[PDB]
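Only one chain is included here, represented as structure tokens and corresponding to the form deposited in one PDB entry.
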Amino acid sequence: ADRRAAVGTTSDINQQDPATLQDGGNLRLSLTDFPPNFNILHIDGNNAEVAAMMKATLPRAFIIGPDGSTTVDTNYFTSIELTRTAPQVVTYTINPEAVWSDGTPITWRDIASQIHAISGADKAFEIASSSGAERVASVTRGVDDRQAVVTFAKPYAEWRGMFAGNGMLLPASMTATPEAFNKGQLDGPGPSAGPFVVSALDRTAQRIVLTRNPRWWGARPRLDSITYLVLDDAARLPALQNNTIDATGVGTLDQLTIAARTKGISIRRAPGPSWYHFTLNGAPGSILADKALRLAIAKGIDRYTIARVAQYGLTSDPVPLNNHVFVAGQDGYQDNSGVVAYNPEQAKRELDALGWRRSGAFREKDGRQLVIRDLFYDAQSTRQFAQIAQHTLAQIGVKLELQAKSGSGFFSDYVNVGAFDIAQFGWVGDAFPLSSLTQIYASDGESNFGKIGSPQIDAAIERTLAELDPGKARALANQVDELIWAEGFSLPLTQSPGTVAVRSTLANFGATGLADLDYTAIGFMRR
């Protein structure tokens, strides 16, 4: 209703003592659409509400606190120390009590195979991120198979994020060869080592059911089942009203009114490092391959008005996002969007000193009309951005054709392949913000869906990643963001308010923000 959409230092999870909850209960919570691939390290399996479901089942090196703090996961590992200084040799010592769903233990080769799979030196894997695997010289077995030292070639200060935050560990049987990587898990997940496993991949009713791990090694969960039912945005809040799901996210004003206007449902809020944006395709063949055209159409989109309309009633004084690397709340955030300040008169001036002249309702050059295709998910909140953007762009004679796609194969079919002129989607980060640089904003980045880039950006990114002291690294990242802004790369629209709607009787599970869940603690009300 009234707060700030900035990254904070506390979470709203409805903490209760794990013991004083129930010992069962079904967690019904929805999903965008049935995942096409279950390898989160793959380009089409890399998704937010796929990794979120897979968080429970797979290992993870570090527990991330409410403010970005890091503690070793004593339940999966025992000792993760940074031994050597100039070439960093971080030593991952695995628990002897960690097994995989199939019974094969976890060991050094399980980590080596993953680090080589996302290393990027073999192009057969269709990876989605190469976070730190391209800066590691080699992975050597420690004194025991459990132990596994990792020698770093180039200095990587953000080494805690390989198997923490967004990324987790996967069995070597799924990362050993490209066949199992790319084509291994299109019908169901492989081995897993978490408190919960998936047991029912019902595609006739469009439901995924997660149940407890028989081989679980930590404190056994209070819950018993977690069923995901895929469900479009149109009917997701009515599903909550009529008691078919338990927790969702609130995106618009109505979604927020009909969650506290009803009884039994409580609304939690804790913002995180997530944001929406317009992604522009500069790949040769796109009407927007012209840098000057991108920079002249960026001035014709009012981002302040878009933010104010988009988050109205969710955040007091809604303001847009003005940084690609950081978000409001993280250290080292500032306004770098002075080059793209909204000025529709200057847009017309340098759009007629570029060639498209206003002959009719929309401009045309050499015969082709100035029309741009917009690709977005057909939801209630996402299309408002499109409508405001097209209304504002019509004021300078630019046609924005809206194409609202479904949830199935939105990325794998349209975004990863280049079938768009402008794209609408969001990024979900973690306590580790400098990992997005190579992944997205590098010229050869694995998530550079628009193929926009320049050598200067790459050199700047290398300069930031080659520096250890955070104070200078933050300023260098800010400089890289200025370079990105003066390129027509993309337009960050809004941050995330982080308001989820949960049933009031559900505990240890809400909006976490910068922290992560303890899946062995989520329980239900003991009436």
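Position 1 is the first residue in the sequence shown; the rest follow in order.
Beyond the structure shown, there is the form deposited in another entry, which is absent from this document and is the topic of what follows.
Hinge annotation between the shown form and the other one, restricted to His42, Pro273, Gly132, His324, points to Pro273 (rigid-part boundary). Closer approach of the C-alpha atoms of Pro470 and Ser79, by 3 angstroms or more, is seen in that other deposited form than in the present form.
If you compare C-alpha positions, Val150 and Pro470 are 3 angstroms or more closer together in that other deposited form than in the form on display.
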